[PDB]
Amino acid sequence: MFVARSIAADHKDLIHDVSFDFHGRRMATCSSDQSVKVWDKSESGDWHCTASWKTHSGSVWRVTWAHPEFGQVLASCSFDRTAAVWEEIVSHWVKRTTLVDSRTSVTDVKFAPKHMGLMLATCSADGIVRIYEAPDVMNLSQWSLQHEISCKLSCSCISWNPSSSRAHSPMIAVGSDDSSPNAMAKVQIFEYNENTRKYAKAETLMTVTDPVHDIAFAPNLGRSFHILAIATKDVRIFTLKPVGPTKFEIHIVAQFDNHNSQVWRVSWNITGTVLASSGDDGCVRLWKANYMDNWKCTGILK
Amino acid sequence: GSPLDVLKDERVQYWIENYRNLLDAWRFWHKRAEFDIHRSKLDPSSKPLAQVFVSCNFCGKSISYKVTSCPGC
Amino acid sequence: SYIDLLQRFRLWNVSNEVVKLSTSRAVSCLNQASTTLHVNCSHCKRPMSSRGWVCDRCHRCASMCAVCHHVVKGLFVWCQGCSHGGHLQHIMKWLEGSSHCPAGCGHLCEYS
Ligand SMILES: [Zn+2]
Ligand SMILES: [Zn+2]
Ligand SMILES: [Zn+2]
Ligand SMILES: [Zn+2]
Ligand SMILES: [Zn+2]
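These protein sequence lines are chains E, A and C, in that order.
According to the entry's author numbering, the stretch in the first sequence is residues 1 to 90, 101 to 253, 262 to 320, in order.
According to the entry's author numbering, the stretch in the second sequence is residues 682 to 746, 771 to 778, in order.
Each residue of the third sequence is one higher than the last, beginning at 679 in the entry's author numbering.
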């Protein structure tokens with residue numbers, strides 16, 4: 001039932017991302033010209049341009065937003081082997107702290123949920139995930155890398171757990187994009203035992219054999235279990251019922275090949291009921307659930 | 682109409698908190714305020730927001746309950 | 679004499695304007711006397727510094743408007759019987775709309 005439209009915006013170079021803030025009034029798009037720019041929807045529904053500035057030497061792939069409670073910051077990664085932050089001063103943005111501790115290309119950057127503070131997770135092609143901290147919301151010019159996680163493989167995408175119930179310990183999902191002839195799990199999950207005060211490997215999905223492009227976590231909204239979508243040759247949705263690391267009851271719920279190609283990106287709604295997936299077939303297919311608790315398509319857009 | 686055992690559950694509070702956050706996403710501030718009135722009058726366990734109170738410079742204590774005169778000293 | 683005459687007519691804007699630009703030391707001191715407040719956190723009951731919006735022991739941002747749940751960095755209204763408040767503009771609109779403390783507590787902050 002989804003109908004399309006066209007957005008009145010003009011760019012020069014190809015852009016690699018789009019990301020709303022928390023309300024849906026500020027997007028942040030990174031262009032192939034190393035130039036990121038921020039739009040701002042107005043009261044009349046139009047989109048204007050507010051800022052733009054070139055980034056570091058590499059090529060930017062990801063730009064993410066932050067919760068409005070902490071101010072207005074964005075984290076962006078590029079092949080410059082560095083991760084950046086940006087704060088509004090009013101509007102001239104300023105660099106605050108370039109988290110440069112990686113010997114490879116930091117593929118992904120993501121922000122931790124609000125309920126625990128200002129953390130951001132990055133891992134590079136070397137296969138080591140880093141977690142950073144801002145233990146003074148006052149000044150953003152000071153960060154600390156507490157935990158380093160060995161992955162014994164590469165990174166493609168990571169995603170946190172939106173769930174904020176006290177029962178659930180913090181969780182993280184690390185992908186891989188290695189097409190080695192051997193077969194190994196390419197998606198793994200880590201937990202955080204407060205007793206050991208460290209991140210421990212919890213569960214891995216052995217059914218994953220091909221390279222993985224993207225991973226996302228469906229928001230909780232008070233549910234009992236968790237919902238996870240993995241980008242592969244086929245879109246797949248897994249649910250992990252809670253039972262050291264907590265044992266997880268894993269069973270598949272969907273497996274979709276209605277693309278005839280390789281899936282690139284996966285996204286979720288605010289509620290966590292509609293999935294939007296994009297692939298090399300040049301179409302965007304949105305999947306929702308039906309009355310029989312069955313996962314089926316709802317619109318194919320191009 | 683809930684007796685003060687169901688409302689204490691860790692599950693029955695999560696749904697209210699998550700609905701309130703969803704209302705925040707709507708930017709439906711006044712609807713949330715009305716719902717807060719409703720929840721507060723029907724659930725004694727909920728403690729309202731923690732905010733600032735001002736304090737005197739000589740007594741050192743709060744002024745919240771001569772009008773111009775402080776009630777402390 | 680001019681400031682007294684101005685205040686007599688309830689023209690506070692221009693009186694304060696004369697105070698601010700007054701070219702003598704003895705006149706540019708009337709609004710610098712006993713006009714600064716001391717702010718506290720209602721969870722920890724300890725003072726906060728003069729250039730911040732967060733709590734050193736609490737860590738809870740103690741400046742949140744009771745209408746929009748956003749950090750208040752400038753003007754902050756405060757009801758005296760509730761110890762609740764928020765943005766200056768938000769609270770006015772809420773109080774025009776209804777007569778309840780927006781945070782939620784049986785209390786009519788103006789008694790209608
Ligand atoms: Zn006092
Ligand atoms: Zn405190
Ligand atoms: Zn406000
Ligand atoms: Zn109140
Ligand atoms: Zn009041």
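By construction, the Cβ of each residue, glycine as well, lies at the ideal position given by its N, Cα and C atoms.
With 16 other Cβ atoms within 10 Å as the buried cut-off, status of residue i
i        : result
E/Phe2   : exposed
A/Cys740 : exposed
A/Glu691 : exposed
E/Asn192 : exposed
E/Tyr142 : buried
E/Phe200 : buried
A/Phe709 : exposed
E/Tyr309 : exposed
E/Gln156 : exposed
A/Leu730 : buried
C/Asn709 : exposed
A/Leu685 : exposed
E/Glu213 : buried
C/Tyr789 : exposed
E/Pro229 : buried
Cβ-heavy atom distance, residue i to ligand 1, below 7 Å
i        : result
E/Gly58  : no
E/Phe266 : no
A/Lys742 : yes
A/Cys778 : yes
A/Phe739 : yes
Any non-hydrogen atom of ligand 3 closer than 7 Å to residue i Cβ
i        : result
C/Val696 : no
E/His23  : no
C/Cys746 : yes
E/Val197 : no
C/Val750 : yes
E/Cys133 : no
Heavy atom of ligand 4 within 7 Å of residue i beta-carbon
i        : result
C/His762 : yes
C/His785 : yes
Contacts of residue i in chain C (Cβ-Cβ under 9 Å)
i        : result
A/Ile697 : Chain C residues near A/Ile697: none, gap ~12 Å exceeds 9 Å.
Beta-carbon neighbours of residue i, restricted to chain A and to distances below 8 Å
i        : result
E/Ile288 : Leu703, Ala706
E/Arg176 : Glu691
E/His23  : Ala706, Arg708
C/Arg735 : The premise fails here: C/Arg735 is roughly 13 Å from chain A at the closest Cβ pair, so nothing lies under 8 Å.
Cβ-heavy atom distance, residue i to ligand 5, below 7 Å
i        : result
C/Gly759 : yes
E/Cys315 : no
E/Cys30  : no
C/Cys779 : yes
Contacts that residue i makes with chain C (C-beta to C-beta distance below 8 Å)
i        : result
E/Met148 : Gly730, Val732
A/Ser721 : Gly782, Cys783, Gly784
A/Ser745 : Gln758, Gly759, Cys760, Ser761
A/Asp717 : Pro780, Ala781, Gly782
Host alpha helix (DSSP H) of residue i (start-end)
i        : result
C/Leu699 : 690-699
A/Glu691 : 691-707
E/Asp118 : First-last for E/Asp118: 116-121, but that is the beta strand (DSSP E), not the alpha helix (DSSP H).
A/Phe716 : 710-722
Within chain C, the residues that residue i reaches when beta carbons sit closer than 7 Å
i        : result
A/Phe734 : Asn718, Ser720, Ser761
Chain A residues whose Cβ lies nearer than 9 Å to that of residue i
i        : result
C/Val755 : Correct list: empty, because the minimum Cβ distance to chain A is about 11 Å.
C/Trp772 : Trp710, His711, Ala714
Heavy atom of ligand 2 within 7 Å of residue i beta-carbon
i        : result
C/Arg738 : yes
A/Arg720 : no
C/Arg735 : yes
C/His721 : yes
Residue interval of the beta strand (DSSP E) (run including residue i)
i        : result
E/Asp40  : 35-41
E/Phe274 : 266-274
C/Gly775 : Taken as a continuous stretch (DSSP letters only), C/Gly775 belongs to no beta strand (DSSP E), being part of the alpha helix (DSSP H) at 766-775.
E/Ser32  : Run containing E/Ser32: none; DSSP gives neither H nor E here.
E/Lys314 : 313-319
C/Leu683 : Careful: C/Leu683 lies outside any beta strand (DSSP E), inside the alpha helix (DSSP H) at 680-686.
E/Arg246 : 245-252
A/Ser736 : 733-736
C/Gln758 : Premise fails: C/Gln758 is in no beta strand (DSSP E) and is neither H nor E.
A/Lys771 : Neither: A/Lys771 is in no beta strand (DSSP E) and is coded neither H nor E.
E/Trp65  : Here E/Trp65 belongs to no beta strand (DSSP E), and DSSP marks it neither H nor E.
E/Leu293 : 293-297
E/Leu238 : 236-240
Contact set between residue i and chain A, taken where Cβ atoms lie within less than 7 Å
i        : result
C/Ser741 : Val733
C/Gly775 : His711
Interface partners of residue i on chain E, CB under 8 Å
i        : result
C/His748 : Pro68, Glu69
* Report the residues of the segment 215-234 of chain E with a CB closer than 7 Å to any CB of chain A, ordered along the chain. => Taking 7 Å as the upper bound on Cβ-Cβ separation, chain A lies near residues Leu231, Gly232 of the segment 215-234 of chain E.
* Closer than 8 Å, Cβ to Cβ, to anything on chain C: give me those residues from the segment 58-70 of chain E, in chain order. => From the segment 58-70 of chain E, only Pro68, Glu69 have a Cβ closer than 8 Å to chain C.
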